[PDB]
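Participant: build me a structure from this.
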Amino acid sequence: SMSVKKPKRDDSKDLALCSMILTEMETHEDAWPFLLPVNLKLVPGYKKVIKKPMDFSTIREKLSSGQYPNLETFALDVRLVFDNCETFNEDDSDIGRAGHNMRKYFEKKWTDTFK
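Facilitator: Numbers count the residues shown, from 1 in each chain. Let me share the structure:
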């Protein structure tokens, strides 16, 4: 509260570490559904159904231009990618499996790096 602060957790490396994680996600073989924004002109249903589209290129641009205030807002956008994937794609599809695999991959890197 006012004039009463918990000890300072060192966040000075967070930007570099999120950039490393994102590089790992970008280079994963199963990243292909997530590398670019879904083309809203070409994919029926997407625009109306998925209220907040998100993809790795968009996260990378946000990351590079100071649009994440902290590492939690970065994790929220990454998880949004996989939540959107599960909303739109059957689990037993190539894209649906890709999204489960990538979520697992991310959440391990996230725990190992920060927790």
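
Participant: what's in contact with stretch 5-13?
Facilitator: Here stretch 5-13 makes contact (C-beta atoms under 8 Å, 6 or more residues apart in numbering) with 70-71. In this view, the C-beta of every residue, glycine as well, is placed from N, C-alpha and C.

Participant: need the distance between the two termini of that stretch.
Facilitator: For stretch 5-13, the first-to-last residue distance is 21 Å (C-alpha to C-alpha, to the nearest Å).

Participant: surely residue 63 meets residue 18?
Facilitator: Yes: here residue 63 lies in contact with residue 18, judged by C-beta atoms under 8 Å, at a distance of 6.3 Å.

Participant: please say which of those two ends up with more neighbours.
Facilitator: residue 18 (21 against 16; other C-beta atoms under 10 Å).

Participant: how much space between the more buried one and residue 62?
Facilitator: 10 Å (C-beta to C-beta, to the nearest Å).

Participant: residues shared between the contacts of these two?
Facilitator: residue 68.

Participant: thinking again about what came up before, anything in contact with each of residue 63 and residue 18?
Facilitator: Shared contacts of residue 63 and residue 18, counting by C-beta under 8 Å, 6+ apart, come down to residue 74.

Participant: now the helices: where do they sit in the protein?
Facilitator: Per DSSP state H, the chain carries helices over the ranges 14-26, 46-49, 56-64, 71-88, 94-114.

Participant: between the ones you listed, which gets nearest to residue 37?
Facilitator: Checking the helices of the chain against residue 37 by C-beta to C-beta gives helix 56-64 as the closest, at 6.2 Å.

Participant: could you dump the closest one to CSV, C-alpha only?
Facilitator: Extracted in CSV, the C-alpha atoms of helix 56-64 (Å, rounded to 0.1, in the frame of the first residue of the first chain):
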residue,chain,number,x,y,z
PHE,A,56,3.4,-14.6,-33.7
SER,A,57,4.3,-11.8,-36.2
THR,A,58,1.9,-9.5,-34.4
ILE,A,59,3.4,-10.4,-31.0
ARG,A,60,6.9,-9.9,-32.4
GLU,A,61,6.0,-6.4,-33.7
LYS,A,62,4.3,-5.5,-30.3
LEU,A,63,7.4,-6.8,-28.5
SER,A,64,9.8,-4.8,-30.7
